[PDB]
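Undergrad:
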Ligand SMILES: [Zn+2]
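Protein chains in written order, with the authors' numbering: chain C, 5 to 83, 90 to 93, 96 to 190, 196 to 227, 242 to 261, 272 to 315; chain A, 2 to 593; chain B, 1 to 8, 31 to 56, 70 to 96, 103 to 161, 199 to 213, 225 to 239, 248 to 296, 305 to 356; chain F, 4 to 137.
Put into structure tokens, the structure is as follows:
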């Protein structure tokens, strides 16, 4: 399989139906932890919509065709294809120094390490412990304290680059981006305690009141997913999954549209393959 | 010995009734169970010598179980049970045979093997020594509750190979209708049904079977079919036309229209218009989805829609399912809370009073209020239009208290006791499949009984689109005032443009940030001040009122809602927030 | 005895496990084209490091109370000649979805029912006679003989079973509840069965995980003969079904 | 279980704000205090915390019956909060100097943290003052 990490460019809003709470158009959430997620029935639909609309020529296996081929898309992935649910890995929160800081709990990092190991990736460093920050962090006022939103946290910086937090930051910077965002992500990555993480992702989501209130995910969010593999490209035979995954990786465009309200520019995202 | 007690029962009660897709199916299932019970009872009463204890057979909907005081020689006793079992089995077989023949359709194969293994009978005599009713009843009930543990069933035959039914998932489809997918084919039996003998018809060919008895690719078992074609079963009592779930939500609009037009009534009661259609035309759609008679049927539906749009009669797409069962019935009937030597009389008195209450409940609940699927003894189950839910709940509780509890006060061991019941209502969108609504309603009803050892509480819930619910649990009385009374008062104030609902959203936003993980903010002063401030801010001034009287209404109204008392007795803060949210939702789904 | 350990409220029936295990084998040996030695010997569902057993229905309720057998003095239509009854009268509500002492249940099997406190997520399986890749995620390990250590004895049912008559061993005869299941004879005296489950293939009715059967030693058998002829041994009616793993029984 | 740090601070802000509102209502000119507590956030927005609190100090009146006593009470109350709320950012200075003097010898980051802290306190102080005083 192949981990492909989605990053948002404009606020993303997937319809979750209706509610009798405060927000009148919430976003889909995990059924038992309230972490946001994107339904596969929408991710795959959007990717197919991108494919059915794109037009270019790729080279897979031996021959060469154009991804607009109705048969190719109809067979490879869906009319039932040889080719999960979206998960949240980073989240932005306002800070007094640095404008914004990314925060992730140890539980999400453990889930991430579990998810990657199927693909064979071996990070090689133990995930960072809770309440830690990189060596060159720029969010610290008075040394031992950071102020996210209007609250104060206590965090200890990693003395040397050998530590877990610095290694995770470096690996994320290198793998996640193919310059400013790369330079920043290696410095501003905080790891708050698990319990405090749930509060941010529940009471820190944009709510634009157009009378009723909608809800969107903040821009600059980082999400990850898994894509696994198992006529025009029939070839001698499908050598393991090397055919379908090759087609998928070759064809994946750089900009995709997800969620509703797309007529007013919402829901644009960037797709990259690990 | 020569004197014996008795207790008859039919096993499948909840699951069997739950397996329904249309309200007609649920009504038919309840009716079938009641009919078998009454058949057994009538056979016993009119042949041997005996007197019934629990259910007054004269009632309309007897429960699944009943007792009696039968006197016979012990040697012959075992025979009677066999007679009753045989009679009930024969009645079931007869009803099935009548249902198949009613439509004059050649019977498929496998019916006799899918209708004669889906029920159970049981009974447990006990010696009676006419000196301690308590001991004999306790022994009988314990033995009856233990005997049911030995569930014996017969395995399905090897012929079982099918595609289920879209109602059950445990039987072979013995019916079908050919959808639009294929114009016509015998391959449907070959591939789609994967079976040999399931009689089917073509989507275009509707002569033998009318629309009511199937739709699209709707599979049905033997029982599912028997439970829908009962209109031709030939039983006089059955009501031929039963309102559907969609129709119930239209109870108010039709009533409002009739007061303005007279001629329109003739079609309204004719049952000649598709009920779910008018909802489609509301959402800017065409009638091509549902093929109909077209003998001006679509014309009549369009006329009704145009008339209702013209008269400005707004209707909502939500309905409500409410059920309630008496609490602590086992202790009450067991004599643990009755005078030392007056249980035998108390049984008959309570049975008579419960029969009277059942008749009263049947009489009061009618259109446009709702329909009573079945109401007998303590139990109950019906549909309510969302614009009359609270009035109905209060009326039922008050009538129960006035007709069953207070009259029996003399028998109670201590005058401070009371006999009450808990209730649970779940709102849902008409599009939602009915089985999930019923199961959720049962769950909320069973949960509301767990508020405290005293019970005497009710629960309301809303079934969201995703599939989760938000509930509120409250006592029936909060300092000599029904809680539903306060809910109705708030709803009426909000609907009449006299109090904006901005004091619910603001309060939700403000008090969420202080709630712990489970939810308990235990500082009274802060919350009381917040409630007072926001409520007094929320009021509005009517164009008729002056600038001097407004300061009197603004103060008197806040003394009626009694928000502080609701908060004190709310057993939590998130419960109070959910209570307010559900009140706002109900107020929204009404006209306002 | 390679006991797999899969990762993600009801533990699926053994029928689904067979299909998943078989399907994985073919995905790596596509040339095989047109498995017969695959036999299951138990399915467990532990969300906790200790394996978890279902709560037997013979025990009724925060704590559990033990039932006892008593020949009734009533006239009824029950098939069994005896029925369970609590020793002392009280409010008896049968536990539903209860999970027996995750490891202390052995005391329950052994007869030590002192305090079966129990609650009011990964799957495990037992395999043999096949080789599969060493790695819903799943993993494969090895083990030698590990299992639940063991004139009448009960018979737990830790996995759904599919009999022939429906609720009694095919050897057992309805005439007098007499027969011999898997050589070791017996006679039926009582039972406690939960709501049957329904489970191309032909649907069947299954005894739920938690059923308890009571029997009496039919004849003269060696303690070893009986002690090993049933314990952890799949008890069913059809040999084909026995392989699939229907009827995991304890003694 | 223990409460998240995101709420252990709000549960303190609200309590302190309510106590301050009651203490204000106690005095003989509660109306003036209620009026004054509704202007400081706007002044902070328009000018800045240092100038706002210098001006507040300017109008302080010694006697407890004078219309300006409210400003002195506000000075003292907002001095108490800054000792505890920032968790030691500006505690070391207030111990031996007037608050305004300290509030002009800080860098930019401490200045912005103190500004946010004061605005967060006042959003609750004025919220309770609007209620408990009519
Ligand atoms: Zn069915």
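Beta carbons are placed, not taken as given, at the ideal position from N, Cα and C, and that holds for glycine.
Spell out the partners DSSP gives residue 386 (chain A) in its beta bridges.
TA: DSSP output for residue 386 (chain A) lists A:320 as bridge partner(s).
Undergrad: From which residue to which residue does the alpha helix (DSSP H) around residue 498 (chain A) run?
TA: Run containing residue 498 (chain A): none; DSSP gives neither H nor E here.
Undergrad: Report buried or exposed for residue 110 (chain F), applying the criterion of at least 16 other Cβ atoms within 10 angstroms of its Cβ.
TA: That one is exposed.
Undergrad: Is the beta carbon of residue 224 (chain A) within less than 8 Å of some heavy atom of ligand 1?
TA: Under cutoff, so the answer is yes.
Undergrad: From residue 305 (chain B) to residue 178 (chain A), what distance separates their C-alpha atoms?
TA: When rounded, the distance between both Cα atoms is 21 Å.
Undergrad: Measure the CB-CB distance between residue 207 (chain C) and residue 153 (chain C) and report whether it falls below 9 Å.
TA: No; because the gap between Cβ atoms is not below 9 Å, this pair is not in contact.
Undergrad: Can you pull the DSSP bridge partners for residue 425 (chain A)?
TA: Per DSSP, A:324 and A:460.
Undergrad: Tell me where the beta strand (DSSP E) around residue 129 (chain A) begins and ends.
TA: Segment: none, residue 129 (chain A) is in no beta strand (DSSP E) and carries neither H nor E.
Undergrad: Please name the residues in the segment 146-164 of chain A whose beta-carbon is closer than 7 Å to at least one beta-carbon of chain B, in chain order.
TA: Listed in sequence order: 147, 148, 150, 151, 152, 153, 154, 155, 156, 157, 159, 161 and 162.
Undergrad: Assuming residue 594 (chain A) contacts residue 358 (chain A) (C-beta within less than 8 Å), just tell me the rounded distance between them.
TA: Only positions 2 to 593 of chain A appear in this structure, which leaves residue 594 (chain A) out of reach.
Undergrad: Can we say the segment 81-99 of chain F touches the segment 335-344 of chain B, given the rule of at least three CB pairs closer than 8 Å?
TA: The segment 81-99 of chain F is not in contact with the segment 335-344 of chain B.
Undergrad: Please classify residue 310 (chain B) as buried or exposed, where buried requires at least 16 other C-beta atoms within 10 Å of its C-beta.
TA: Under this definition residue 310 (chain B) is a buried residue.
Undergrad: How is residue 430 (chain A) classed by DSSP in three states: helix, strand or coil?
TA: Here residue 430 (chain A) sits in strand by DSSP.
Undergrad: Please report whether the beta-carbon of residue 112 (chain F) lies at a distance below 9 Å from any beta-carbon of chain C.
TA: Taking Cβ atoms only, chain C reaches closer than 9 Å to residue 112 (chain F), which makes this a yes.
Undergrad: What's the call for residue 196 (chain C), buried or exposed, on a 16-neighbour Cβ count within 10 Å?
TA: Per the 10 Å Cβ criterion, exposed.
Undergrad: Nearest to residue 247 (chain A) by CA position, among A:556, A:542, A:567 and A:431, is which residue?
TA: Of the candidates A:556, A:542, A:567 and A:431, the one whose C-alpha sits nearest the C-alpha of residue 247 (chain A) is A:431.
Undergrad: With three or more C-beta pairs closer than 8 Å as the rule, is the segment 231-241 of chain A touching the segment 183-196 of chain A?
TA: No contact exists between the segment 183-196 of chain A and the segment 231-241 of chain A.
Undergrad: Just to make sure I have the definition right: I need the residues of chain F whose C-beta is within less than 8 Å of the C-beta of residue 517 (chain A). Which are they?
TA: Those within 8 Å of residue 517 (chain A) in chain F are 6 and 10.
Undergrad: Residues in the segment 143-168 of chain C with C-beta within 7 Å of chain F's C-beta atoms, listed in sequence order?
TA: So the close ones are 153, 154, 157, 159, 162, 163, 164 and 165.
Undergrad: So, residue 484 (chain A) versus residue 504 (chain A), is the Cβ gap smaller than 9 Å?
TA: Cβ distance not < 9 Å, so residue 484 (chain A) and residue 504 (chain A) don't count as in contact.
Undergrad: Closest Cβ-Cβ distance between residue 120 (chain F) and chain C: below 9 Å?
TA: Interface residue, yes.
Undergrad: For the segment 133-157 of chain B, list every residue whose C-beta sits within 7 Å of some C-beta in chain A, in sequence order.
TA: Going along the segment 133-157 of chain B in chain order, one finds no residue with a Cβ nearer than 7 Å to chain A.
Undergrad: Flag residue 448 (chain A) as yes if its beta-carbon sits less than 9 Å from any beta-carbon of chain B, otherwise no.
TA: Closer than 9 Å: no.
Undergrad: Are any of the Cβ atoms in chain A nearer than 9 Å to that of residue 135 (chain F)?
TA: Closer than 9 Å: yes.
Undergrad: I need the straight-line Cα distance from residue 291 (chain C) to residue 59 (chain C), nearest angstrom please.
TA: When rounded, the distance between both Cα atoms is 13 Å.
Undergrad: At the 9 Å Cβ level, is residue 130 (chain F) part of the contact set with chain C, yes or no?
TA: Chain C, which has no Cβ nearer than 9 Å to the Cβ of residue 130 (chain F), makes this no.
Undergrad: Which class does residue 526 (chain A) belong to by DSSP, given the choice of helix, strand or coil?
TA: Three-state DSSP puts residue 526 (chain A) in a helix.
Undergrad: Is the segment 387-399 of chain A touching the segment 77-90 of chain A, taking contact as three or more C-beta pairs under 8 Å?
TA: Contact fails: fewer than three Cβ-Cβ distances are below 8 Å.
Undergrad: Would you identify the three-state DSSP class for residue 98 (chain A), choosing helix, strand or coil?
TA: Residue 98 (chain A) falls in the helix class under three-state DSSP.
Undergrad: When every heavy atom of ligand 1 is checked, does at least one fall within less than 8 Å of the C-beta of residue 94 (chain B)?
TA: The answer is no for residue 94 (chain B).
Undergrad: Note down, one range per segment and in chain order, each beta strand (DSSP E) of at least 3 residues found wholly within the segment 175-242 of chain A.
TA: Listed in chain order, the complete beta strand (DSSP E) runs (minimum 3 residues) inside the segment 175-242 of chain A are 176-179 and 200-203.
Undergrad: Within the 9 Å Cβ cut-off, does residue 527 (chain A) reach chain F?
TA: By this cut-off, residue 527 (chain A) is an interface position.
Undergrad: My output table needs one value for residue 30 (chain F): the three-state DSSP class, helix, strand or coil.
TA: Residue 30 (chain F) falls in the coil class under three-state DSSP.
Undergrad: Who are the Cβ neighbours of residue 434 (chain A) in its own chain at under 6 Å, not counting the five residues just before and after it?
TA: For residue 434 (chain A), where only same-chain residues beyond five positions count, there are no Cβ hits under 6 Å.
Undergrad: For residue 444 (chain A) and residue 79 (chain F), what's the separation of their Cα atoms in angstroms?
TA: Roughly 56 Å separates the two Cα atoms.
Undergrad: Just to confirm, are residue 65 (chain A) and residue 11 (chain A) a CB contact at a threshold of 9 Å?
TA: Their beta carbons are under 9 Å apart, which means residue 65 (chain A) touches residue 11 (chain A) by this criterion.
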